[PDB]
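Here the Cβ positions follow ideal geometry from the backbone for every residue, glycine too, while neighbour counts run over all protein chains shown. The numbers here are math on the coordinates, done by the rules we state, and not lab data.
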């Protein structure tokens, strides 16, 4: 007499770097062996927007990070049940 439910849902986002610190931020993020995010456009350098599929569960902590790092991002595609 037991049961449990679960699910998932990722989400991409557009980032517009410019400084090295901001670039080192992402790396540091993706570095955190846990999220394991993939970068669409090698954000290695500025001028090139990034589009990684961040997990909704990590969309917040990330949303806080970007701001924390004083960066500018955007929501590419969401997730409608």
Checklist entry - Counting only residues that are part of a loop (DSSP other than H, G, I, E, B) and touching a helix residue (DSSP H, G or I) at 6+ places or on another chain (Cβ under 8 Å), which one in the stretch 9-29 is surrounded by the fewest Cβ atoms within 10 Å (Cβ to Cβ)? => result 9
Checklist entry - What number of residues within the stretch 65-75 satisfy the criterion of being part of a helix (DSSP H, G or I) and surrounded by 14 or more Cβ atoms within 10 Å (Cβ to Cβ)? => result 2
Checklist entry - Could we say that residue 44 is over 9 Å from the mean Cα position of the chain (by Cα) and surrounded by 12 or more Cβ atoms within 10 Å (Cβ to Cβ) here? => result yes
Checklist entry - Has the stretch 56-64 got any residue that is assigned to a loop (DSSP other than H, G, I, E, B) and surrounded by 12 or more Cβ atoms within 10 Å (Cβ to Cβ)? => result no
Checklist outcome for this item: Picked from the stretch 60-81 (must be farther than 22 Å from residue 21 by Cβ and touching a residue at least 24 places away in the same chain (Cβ under 8 Å)), the residue farthest from the chain's Cα centre (by Cα) is 79
Item to check | Candidate set: the stretch 6-29, residues that are free of Cβ contacts under 8 Å to residues at least 60 places away in the same chain and in contact with a strand residue (DSSP E or B) (Cβ under 8 Å, 6 or more places away or on another chain); chosen: the one farthest from residue 73 (Cα to Cα) | outcome: 8
Checklist entry - Can you name every residue in the stretch 30-55 that is in a loop (DSSP other than H, G, I, E, B), closer than 20 Å to residue 77 by Cβ and either in contact (Cβ under 8 Å) with a residue 60 or more places away in the chain or in contact with a helix residue (DSSP H, G or I) (Cβ under 9 Å, 6 or more places away or on another chain) (or both)? => result 35, 36, 37, 38, 43
